[PDB]
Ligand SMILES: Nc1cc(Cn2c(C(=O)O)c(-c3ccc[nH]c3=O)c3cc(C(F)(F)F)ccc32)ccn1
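So this first bit is one chain, no partners, the form deposited without this ligand, shown in structure tokens.
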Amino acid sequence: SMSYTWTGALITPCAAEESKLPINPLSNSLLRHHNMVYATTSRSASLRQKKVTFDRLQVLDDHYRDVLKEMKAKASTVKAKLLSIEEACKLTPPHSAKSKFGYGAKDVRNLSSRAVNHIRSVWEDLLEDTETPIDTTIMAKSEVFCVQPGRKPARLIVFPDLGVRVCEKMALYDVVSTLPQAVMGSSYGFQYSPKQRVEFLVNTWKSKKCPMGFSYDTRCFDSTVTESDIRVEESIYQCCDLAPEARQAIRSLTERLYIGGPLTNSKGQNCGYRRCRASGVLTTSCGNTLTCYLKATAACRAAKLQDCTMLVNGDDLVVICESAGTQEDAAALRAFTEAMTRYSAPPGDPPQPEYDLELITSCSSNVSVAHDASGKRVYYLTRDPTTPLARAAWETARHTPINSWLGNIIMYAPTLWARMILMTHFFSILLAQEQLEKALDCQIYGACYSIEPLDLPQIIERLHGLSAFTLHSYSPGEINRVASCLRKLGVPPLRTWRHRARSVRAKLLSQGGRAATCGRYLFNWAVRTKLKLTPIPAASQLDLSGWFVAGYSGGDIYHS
């Protein structure tokens, strides 16, 4: 069937939308080529629509069937619980989109009876109506990027009302947080912290006689997802021991929301129909990871690829296997892609086989190596700084709900670019406005957390280890990439950053306390007379477990 059907009404904005980067006195310290930075607007929706709209083609075979059964067998072991309305309400973010029934995020978290009552209403309805298609809203997502030798058309977000959203949680939150793990095991990409991820890639890599890996990029994965896939996906959820209420809710949500439904623009007009995965629902992450793993695993048997391990993060997939020879690999890879095409997961960019782990890119990230205080090789997760930086610049000029910079510093703490640019820049600014104390929000795996800037040392040490503060002698490849990017966006030279860092470091050490701890560890790279960095007390006792459990992009999740 057609992934989408349009009535003609436009994808409309609910407020004015900024697209250019504001010439701000602060952002300018970061990068000078500000016209290279942009934000997507509904003004490009049409372009994105033409791409995400097409007729899916799917042919399932015995391999596909075999893997599904293997997957169902494992899910059979799961027993998912039903969340109460309070638990579900506590999971709602404060910024989350208000309901069209007289209540907003804040009311939900406060358990305001007007809200909680309508919520119960939607739930009762999910227990009685097993057919009626639930309304969704379509919007153009506003994200920051850096131009390219053109521009990226906005991405479309389809999401149900806050009411239906607190319910999805009530019936599927426990499921999407545990099932993927039970089914895919070591392959479930969201259970890892960046370091546990690198360790997993490296370990998997070194376990092959002659390794070979490749990343597979599906063309607009979300729309490749068919009704069949969605039902199959639910068939798995159904293997869980579930309270009657939840089993019904899942059955209904599957037929009324997940498999497809009507579309409405911000102006309340009928835009069309969706017969594929909605980005803004709770099951997107889990659903896509399971679906991708299913097809990919089944595809490897089809393409005769030998002993292949996989790491899946939603629509993002990377695969490592035993090389059978240069030409044979290129053969099987193509054989793979076709299998996936039949499964309705054609590639955006044809996949190319890699024989060096540093060249494989998954989750926009690659694995690279540097050295610690003692000169020991250290492996860490990195990526291209372009978008991170561009967004960092934008988040400097405008007040913004989520701070991609904070999250990026956390996830990429050991990288050269995060430590030299981001850490310096933001502390330099925070320190100024005396904001070092204020807590900020950011997202890790789509989930939303509230982080205190002054706890970055503990956090970083816990998730990465002390070496995150002393890595040096990065790879020439990471060095080249970083440089090119920094040069492209007009970022100040290394020296300007070393100076700026030496400065903020001093201003931090004087403040004493956590501030001193920040200056001491975070900026140890700037001073000639390095200090001895010892394990930070607070780090010793931190529960960063909930941080790396599952994915929740578009899931409307907030962990307090």
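The first residue of the shown sequence is 1; numbering continues from there.
Note that the form solved in complex with this ligand isn't included here; everything after this is about it.
Checking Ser252, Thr226, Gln443, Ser323 for any heavy atom within 4.5 Å of this ligand in the deposited bound form turns up a single hit: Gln443. A single residue from the set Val319, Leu91, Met411, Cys271 has any heavy atom within 4.5 angstroms of this ligand in the deposited bound form; that residue is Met411.
Although the partner is absent from this view, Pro194 contacts this ligand in the deposited bound form, with a non-hydrogen atom inside 4.5 angstroms. Proximity of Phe214 to this ligand in the deposited bound form: non-hydrogen atoms within 4.5 Å are absent; the residue sits far from the partner. At the 4.5 Å threshold, heavy atoms of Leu381 reach this ligand in the deposited bound form. Mapping the unseen interface onto this chain, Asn313 counts among the residues with a heavy atom inside 4.5 Å of this ligand in the deposited bound form. Of the candidate stretches 104 to 112, 297 to 305, 164 to 172, 359 to 367, only 359 to 367 has residues whose heavy atoms lie within 4.5 Å of this ligand in the deposited bound form.
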